[PDB]
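Participant: Contents are PDB, C-alpha atoms; file name my_file_27.pdb:
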MODEL        1
ATOM      1  CA  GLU A   1     123.344 108.290  97.182  1.00  0.00           C
ATOM      2  CA  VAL A   2     122.395 105.814  99.938  1.00  0.00           C
ATOM      3  CA  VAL A   3     123.113 102.089  99.592  1.00  0.00           C
ATOM      4  CA  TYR A   4     121.162  99.293 101.265  1.00  0.00           C
ATOM      5  CA  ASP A   5     123.650  96.565 100.563  1.00  0.00           C
ATOM      6  CA  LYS A   6     122.042  93.137 101.005  1.00  0.00           C
ATOM      7  CA  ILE A   7     118.543  91.782 101.688  1.00  0.00           C
ATOM      8  CA  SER A   8     117.654  88.101 101.423  1.00  0.00           C
ATOM      9  CA  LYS A   9     114.790  87.293  99.055  1.00  0.00           C
ATOM     10  CA  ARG A  10     113.098  85.676 102.064  1.00  0.00           C
ATOM     11  CA  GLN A  11     111.967  89.258 102.731  1.00  0.00           C
ATOM     12  CA  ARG A  12     109.014  90.365 100.613  1.00  0.00           C
ATOM     13  CA  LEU A  13     108.977  93.873  99.139  1.00  0.00           C
ATOM     14  CA  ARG A  14     106.833  96.623 100.637  1.00  0.00           C
ATOM     15  CA  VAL A  15     103.327  97.222  99.329  1.00  0.00           C
ATOM     16  CA  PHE A  16     102.718 100.876  99.899  1.00  0.00           C
ATOM     17  CA  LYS A  17     101.965 103.704  97.615  1.00  0.00           C
ATOM     18  CA  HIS A  18     102.416 107.389  97.429  1.00  0.00           C
ATOM     19  CA  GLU A  19     102.682 110.328  95.120  1.00  0.00           C
ATOM     20  CA  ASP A  20     100.221 108.325  92.956  1.00  0.00           C
ATOM     21  CA  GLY A  21     102.949 106.503  91.092  1.00  0.00           C
ATOM     22  CA  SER A  22     102.227 102.806  91.393  1.00  0.00           C
ATOM     23  CA  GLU A  23      99.762 101.731  94.105  1.00  0.00           C
ATOM     24  CA  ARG A  24     101.378  98.343  94.702  1.00  0.00           C
ATOM     25  CA  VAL A  25     104.675  96.614  95.553  1.00  0.00           C
ATOM     26  CA  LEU A  26     107.828  98.755  95.540  1.00  0.00           C
ATOM     27  CA  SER A  27     108.529  99.360  91.860  1.00  0.00           C
ATOM     28  CA  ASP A  28     112.037  99.925  90.506  1.00  0.00           C
ATOM     29  CA  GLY A  29     112.436 103.597  89.658  1.00  0.00           C
ATOM     30  CA  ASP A  30     109.488 104.596  91.872  1.00  0.00           C
ATOM     31  CA  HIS A  31     109.618 107.704  94.046  1.00  0.00           C
ATOM     32  CA  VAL A  32     110.270 107.284  97.768  1.00  0.00           C
ATOM     33  CA  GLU A  33     109.770 109.878 100.510  1.00  0.00           C
ATOM     34  CA  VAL A  34     111.843 110.191 103.699  1.00  0.00           C
ATOM     35  CA  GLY A  35     110.181 107.798 106.093  1.00  0.00           C
ATOM     36  CA  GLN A  36     108.998 105.202 103.581  1.00  0.00           C
ATOM     37  CA  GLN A  37     109.528 101.564 104.532  1.00  0.00           C
ATOM     38  CA  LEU A  38     111.197  99.664 101.686  1.00  0.00           C
ATOM     39  CA  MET A  39     110.510  96.092 102.818  1.00  0.00           C
ATOM     40  CA  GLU A  40     107.768  94.028 104.396  1.00  0.00           C
ATOM     41  CA  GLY A  41     108.698  93.343 108.003  1.00  0.00           C
ATOM     42  CA  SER A  42     109.288  95.317 111.176  1.00  0.00           C
ATOM     43  CA  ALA A  43     111.386  98.473 111.115  1.00  0.00           C
ATOM     44  CA  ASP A  44     114.140  99.302 113.594  1.00  0.00           C
ATOM     45  CA  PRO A  45     112.676 102.139 115.718  1.00  0.00           C
ATOM     46  CA  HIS A  46     116.164 103.569 116.277  1.00  0.00           C
ATOM     47  CA  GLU A  47     116.321 104.020 112.513  1.00  0.00           C
ATOM     48  CA  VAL A  48     112.942 105.793 112.412  1.00  0.00           C
TER      49      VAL A  48
ENDMDL
END
For this file, produce the structure as structure tokens.

Facilitator:
Amino acid sequence: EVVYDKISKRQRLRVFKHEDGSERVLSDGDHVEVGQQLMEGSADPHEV
């Protein structure tokens, strides 16, 4: 299991939706695909 260790609450949480779980902000327990962005902001393109 992958660990994203620390994110300051200055960062908002991502507002996507998929798999018709929620349709709103990243919900605890929600299902996440491979390329899904977890946070509002700009993603490192090396990572993608």

Participant: Restricting the calculation to all atoms listed in the file, which member of A:27, A:11, A:5, A:17 is positioned closest to residue 39 of chain A?

Facilitator: A:11

Participant: Report the residues retrieved by the PyMOL selection byres ((chain A and resi 36) around 10) from the displayed file, expressed as a PyMOL selection string.

Facilitator: chain A and resi 14+16-18+31-35+37-39+48

Participant: Excluding same-chain residues fewer than 6 positions from segment 40-46 of chain A, what lies within 12 Å of it counting all atoms listed in the file, as a count of residues only?

Facilitator: 12

Participant: Using only the atoms of segment 28-42 of chain A listed in the file, plus 3 Å on each side, state the axis-aligned box centre and edge lengths in Å rounded to one decimal, as JSON.

Facilitator:
{"center_x": 110.1, "center_y": 101.8, "center_z": 100.4, "size_x": 10.7, "size_y": 22.8, "size_z": 27.5}

Participant: Will you model N, CA and C atoms for segment 11-45 of chain A and pass it back as a CSV table (one decimal), in the frame of the given file?

Facilitator:
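The new file rebuild-v3.csv reads:
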chain,number,residue,atom,x,y,z
A,11,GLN,N,112.8,88.1,102.4
A,11,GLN,CA,112.0,89.3,102.7
A,11,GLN,C,111.2,89.7,101.5
A,12,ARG,N,109.9,89.8,101.7
A,12,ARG,CA,109.0,90.4,100.6
A,12,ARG,C,109.3,91.9,100.5
A,13,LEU,N,108.8,92.4,99.4
A,13,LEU,CA,109.0,93.9,99.1
A,13,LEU,C,107.7,94.6,99.6
A,14,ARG,N,107.9,95.9,100.0
A,14,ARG,CA,106.8,96.6,100.6
A,14,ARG,C,105.7,97.0,99.6
A,15,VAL,N,104.5,97.0,100.1
A,15,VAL,CA,103.3,97.2,99.3
A,15,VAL,C,102.6,98.5,99.4
A,16,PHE,N,103.3,99.6,99.7
A,16,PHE,CA,102.7,100.9,99.9
A,16,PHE,C,102.4,101.5,98.6
A,17,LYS,N,102.0,102.8,98.7
A,17,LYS,CA,102.0,103.7,97.6
A,17,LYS,C,101.8,105.2,97.9
A,18,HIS,N,102.4,106.0,97.1
A,18,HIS,CA,102.4,107.4,97.4
A,18,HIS,C,102.7,108.2,96.2
A,19,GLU,N,102.4,109.5,96.3
A,19,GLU,CA,102.7,110.3,95.1
A,19,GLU,C,101.9,109.9,93.9
A,20,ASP,N,101.0,109.0,94.0
A,20,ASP,CA,100.2,108.3,93.0
A,20,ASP,C,101.1,108.0,91.8
A,21,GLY,N,102.2,107.2,92.1
A,21,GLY,CA,102.9,106.5,91.1
A,21,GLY,C,102.2,105.2,91.0
A,22,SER,N,102.9,104.1,91.2
A,22,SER,CA,102.2,102.8,91.4
A,22,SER,C,101.2,102.9,92.6
A,23,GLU,N,100.5,101.8,92.9
A,23,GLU,CA,99.8,101.7,94.1
A,23,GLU,C,100.0,100.4,94.7
A,24,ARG,N,101.1,99.8,94.4
A,24,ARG,CA,101.4,98.3,94.7
A,24,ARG,C,102.8,98.2,95.2
A,25,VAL,N,103.3,97.0,95.1
A,25,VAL,CA,104.7,96.6,95.6
A,25,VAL,C,105.7,97.6,95.1
A,26,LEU,N,106.8,97.8,95.9
A,26,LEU,CA,107.8,98.8,95.5
A,26,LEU,C,108.4,98.5,94.1
A,27,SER,N,108.2,99.5,93.3
A,27,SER,CA,108.5,99.4,91.9
A,27,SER,C,109.9,100.0,91.6
A,28,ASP,N,110.7,99.3,90.9
A,28,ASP,CA,112.0,99.9,90.5
A,28,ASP,C,111.8,101.2,89.8
A,29,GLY,N,112.6,102.3,90.2
A,29,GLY,CA,112.4,103.6,89.7
A,29,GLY,C,111.4,104.5,90.4
A,30,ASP,N,110.6,103.9,91.2
A,30,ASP,CA,109.5,104.6,91.9
A,30,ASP,C,110.0,105.6,92.8
A,31,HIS,N,109.2,106.6,93.2
A,31,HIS,CA,109.6,107.7,94.0
A,31,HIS,C,109.3,107.4,95.5
A,32,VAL,N,110.3,107.7,96.4
A,32,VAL,CA,110.3,107.3,97.8
A,32,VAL,C,110.5,108.5,98.6
A,33,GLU,N,109.6,108.7,99.6
A,33,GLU,CA,109.8,109.9,100.5
A,33,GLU,C,110.8,109.6,101.6
A,34,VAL,N,110.8,110.4,102.7
A,34,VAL,CA,111.8,110.2,103.7
A,34,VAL,C,111.6,108.9,104.5
A,35,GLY,N,110.4,108.9,105.2
A,35,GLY,CA,110.2,107.8,106.1
A,35,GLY,C,109.7,106.5,105.5
A,36,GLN,N,109.7,106.3,104.2
A,36,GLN,CA,109.0,105.2,103.6
A,36,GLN,C,109.7,103.9,103.9
A,37,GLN,N,109.0,102.9,104.3
A,37,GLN,CA,109.5,101.6,104.5
A,37,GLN,C,109.7,100.9,103.2
A,38,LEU,N,110.9,100.3,103.0
A,38,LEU,CA,111.2,99.7,101.7
A,38,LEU,C,110.9,98.2,101.6
A,39,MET,N,110.6,97.5,102.7
A,39,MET,CA,110.5,96.1,102.8
A,39,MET,C,109.4,95.7,103.7
A,40,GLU,N,108.7,94.6,103.5
A,40,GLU,CA,107.8,94.0,104.4
A,40,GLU,C,108.5,93.4,105.6
A,41,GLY,N,108.0,93.8,106.8
A,41,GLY,CA,108.7,93.3,108.0
A,41,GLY,C,108.5,94.4,109.1
A,42,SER,N,109.4,94.4,110.1
A,42,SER,CA,109.3,95.3,111.2
A,42,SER,C,110.5,96.2,111.1
A,43,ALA,N,110.3,97.5,111.3
A,43,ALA,CA,111.4,98.5,111.1
A,43,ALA,C,112.1,98.7,112.5
A,44,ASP,N,113.4,98.9,112.4
A,44,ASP,CA,114.1,99.3,113.6
A,44,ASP,C,113.7,100.7,114.1
A,45,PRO,N,113.2,100.8,115.3
A,45,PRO,CA,112.7,102.1,115.7
A,45,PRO,C,113.8,103.1,116.0
